[PDB]
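To keep things clear, I will list the structure first and then write my remarks on it.
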Ligand SMILES: O=C(N[C@@H](c1ccccc1)[C@@H](O)C(=O)O)c1ncnc2[nH]ccc12
């Protein structure tokens, strides 16, 4: 039993809700919140910009030190950093950005990072401003993630479309 509330159950291990991931993280304080990151951990917009704003830019400060030490992430890769005031940990995961021409096959690799954590609050990778089809992102999620994932979909209209088209 966990503290996530109001989710629709899609499969044995995937759950979905029309919610703002920032407000959802502040309420639940999950062990892991997933950020829709880029390789430079520049949290400028989309989910990343919103999560970082909620941390009063502390996420960005921590991320800049991480990059200065370690260099950029790989597309499809991840790193674990602090969750600040939102979660115990933030798993920064880099899905491919279609508006940068990156290989969508990397989406499966990106979701594989979720399997290193028993329970996660997450957005749909490569969705929104990353340019991929969110219905496809949800399919890859269900077919790749085996741990318990709670997906927050900001847009109510998108949320309803994802539920109604789900196979
Ligand atoms: O969910 C968000 N963005 C994603 C998204 C996917 C599909 C359709 C539209 C947008 C995607 O752009 C991403 O960045 O993962 C988002 N963006 C800004 N502020 C936010 N506050 C809470 C959530 C949230």
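Cβ atoms come from the backbone with ideal geometry, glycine included; neighbour counts cover every protein chain shown. Any read-out appearing in this document is the output of simple, stated calculations on the displayed coordinates, not a laboratory observation.
Observations on the structure shown:
- In the range 12-28, the condition of being touching a helix residue (DSSP H, G or I) at 6+ places or on another chain (Cβ under 6 Å) and closer than 13 Å to residue 119 by Cα is met by at least one residue.
- Residues of the range 77-95 classified as surrounded by fewer than 19 Cβ atoms within 10 Å (Cβ to Cβ) and over 18 Å from residue 26 (Cβ atoms), total: 3
- The condition (being touching a strand residue (DSSP E or B) at 6+ places or on another chain (Cβ under 8 Å), free of Cβ contacts under 8 Å to residues at least 40 places away in the same chain and surrounded by fewer than 19 Cβ atoms within 10 Å (Cβ to Cβ)) is satisfied by just one residue among 9, 74, 27, 42: 9.
- For beta carbons closer than 8 Å, sequence separation of 6+ or different chains, a first residue in the range 46-71 that is on the phi > 0 side of the Ramachandran plot and a second that is part of a helix (DSSP H, G or I) and surrounded by fewer than 16 Cβ atoms within 10 Å (Cβ to Cβ), the qualifying pairs are 46/129.
- Taken together, the residues in the range 100-145 that are within 11 Å of the ligand (Cβ to nearest atom) and in contact (Cβ under 8 Å) with a residue 12 or more places away in the chain amount to 15.
- Boolean, residue 124 is crowded, with 19+ Cβ neighbours inside 10 Å and assigned to a loop (DSSP other than H, G, I, E, B): yes
- Scanning the range 156-165 for residues that are within 14 Å of the ligand (Cβ to nearest atom) and exposed (fewer than 14 other Cβ atoms within 10 Å of the Cβ) yields 156, 157, 160.
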